[PDB]
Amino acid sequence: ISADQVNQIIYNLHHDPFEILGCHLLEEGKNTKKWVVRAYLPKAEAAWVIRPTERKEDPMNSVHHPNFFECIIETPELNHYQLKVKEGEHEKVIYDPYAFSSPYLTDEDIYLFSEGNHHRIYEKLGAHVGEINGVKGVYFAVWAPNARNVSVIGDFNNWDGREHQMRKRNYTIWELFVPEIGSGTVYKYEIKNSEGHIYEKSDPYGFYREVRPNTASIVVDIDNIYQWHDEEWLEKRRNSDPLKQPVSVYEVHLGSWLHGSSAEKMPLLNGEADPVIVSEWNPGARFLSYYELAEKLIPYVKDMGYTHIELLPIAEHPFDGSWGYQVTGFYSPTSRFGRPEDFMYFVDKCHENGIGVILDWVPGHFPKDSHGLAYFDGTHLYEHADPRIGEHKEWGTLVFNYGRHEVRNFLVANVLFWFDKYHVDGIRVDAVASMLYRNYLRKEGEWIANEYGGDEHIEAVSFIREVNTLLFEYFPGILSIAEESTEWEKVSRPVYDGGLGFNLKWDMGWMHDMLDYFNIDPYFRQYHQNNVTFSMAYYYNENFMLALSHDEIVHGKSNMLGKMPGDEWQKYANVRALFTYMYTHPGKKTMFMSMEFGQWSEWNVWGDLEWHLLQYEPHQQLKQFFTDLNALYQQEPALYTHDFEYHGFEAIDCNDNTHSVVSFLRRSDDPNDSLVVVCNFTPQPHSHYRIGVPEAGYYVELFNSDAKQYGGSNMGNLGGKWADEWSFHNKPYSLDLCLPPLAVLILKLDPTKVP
């Protein structure tokens, strides 16, 4: 490029910047091509072109002006890249804003989509505000290869699509531009299938939707509705390893955390909307918006001291009672809580308060609801045609055909979508077994094996690896969490080592051992000491997430307190002991809303939590307990730097089953950060209990779950205890401790203390 051309860009005299900025072919070689990417980045000193899927990074050079950059790259195709931009001391990563000249699909789009590799297909499929033949309007497009005809119906044509019949392209995708209309437009696709049958569909790539039980899609100008402020958070995340950081997650179901009154409007971000009544049976209650949740949930979580909030599925879903696990609008945040910008605001605000956001994502199945994906074009399009692999008969749902390219693409681009447009920090996938096995919940003779006679669902496995491969390449630094319940191997290991590519796995075994154990009367826990006995062999095969989830306080299992034996004082003590144990055991942490204040009743998705309990001291104390423990967890490196290395944990003694006492060390980079943890899982206190430690010195009583401010009896070691030179448990020195009843202590050597 020339200076004259650069100047035309810098000073806004150029008639079409897309001619120059973005990616352009320079020439074709025998087996490769030569491209240039150009970018005008005012205030940037430096830039790079990232090719995350090829694992490459090329720097850009300033050209004729300090803020005009180019980068010449040789490669056969250059479909997938990002720009890294440095302003002062800060970097950001972004998609190239001059990536797409036109709103309509190109041959190249269509080709990539057919191969299942269009990582940004949602830029072209769905509905997008743009300009064609010099007029502003909306471009629509939808994949429906076997349809006889498709038309766009909506407010703008009184639901009569005779003058808005779409044009089929490449025997595969229907499109139409409609001038003059814009964002807010309400619409569906009217489809005629091969038999002549006519029926309406919501837009599978729709970005917003009417409020359930209505189903029309709504047009959104998704790149011009919200201004972000979270560059610093994103940079910090890209440049860190979250496995080495504290990760304490508050799991929340947005629809049942807190309700408001249906006698007023739902405030949104600079606006308001009609209330969304939680149910016909509770009509005085409405949902809170994403906006009101940002104002209320976020400072709450910040005070509690959690690092992340994990949301039950927020993709658009028709039935509250599914909890979100049955999705019909994969590309829109549910309209129960307001608008897409309101949820952007929610994420932006978590990030301003140093809180991350993890989404439950549901790629395993979808329901039969006739507005959604089912039998989409009068064939089994999204779902596989054979019900032995394409239905979960016991759940009443359909299973995506992962081997079909445009279906894989639907899903893979969807996961990337949430990271791109809504800046989320991770995902969690429920019931991963449901994808992995060809015989899942299927009786004998009612399923078929793979091409090698195995039970492994090959296509699905391959899809899962692509999802995790691409996520981490595009957004290093995120969390990809799996719950997999069949001891499948290498869930949270890299795809290159034969793993599924997640970086964390829920420890369901740990969960059952914990809840079976605390449920047993204290006397009888001596017969079940193996539950509280760390198992090196199993633990280090996965990066574990210790989750006490929503699934464990429904359907007659009781909430946490109800699970525990004893009188009221003991039930609380049990909760404090279990969770103090959980925060000290290796692994990341997840707990569900209502557990942190001792809700007595089971989570009920149709109401909100029992906030009135926080008027009373026991509930308050338990909440101060979680507040302090989260603070502790963030301040003590040995609780998070080495969850997944041998160094991080060492058992001290695990054999006093007769008293249900267990003890261990946690460690970090500095030996002075080591922590001694001692747990007493009965109501019997102990005035002299000797515990081996690694060094002489004074050990501070850093945490004590029996403290009176947590509702405990306040027994303890009054500040800490000098070690005796007295071998015990194969350790040179030892402590003679007071152990409080149903309680856990954490001690820490202060090596600068006056003997």
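Start at 1 and count along the sequence shown; that's the residue number.
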Between 665-673 and 143-151 (mean CA B-factor, as deposited), the higher: 665-673
Would 117-125 or 631-639 have the larger average of its C-alpha temperature factors, as given in the entry? 631-639
Hey, out of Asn655, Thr334, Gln599, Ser261, whose CA B-factor is highest in the deposited coordinates? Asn655
Peak C-alpha temperature factor (PDB record), options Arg38, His64, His729, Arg51: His729
Would the CA B-factor of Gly364 place it in the lowest, middle or highest third of its chain? middle
Based on the entry's values, in what third of the chain does the Cα temperature factor of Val495 lie: lowest, middle or highest? middle
Please rank the C-alpha B-factors of the chain's modelled residues and tell me whether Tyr104 sits in the lowest, middle or highest third. middle
Going by the recorded CA B-factors, say which third of the chain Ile389 sits in, lowest, middle or highest. highest
Would you check the entry's CA temperature factor for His659 and let me know if it's in the chain's lowest, middle or highest third? highest
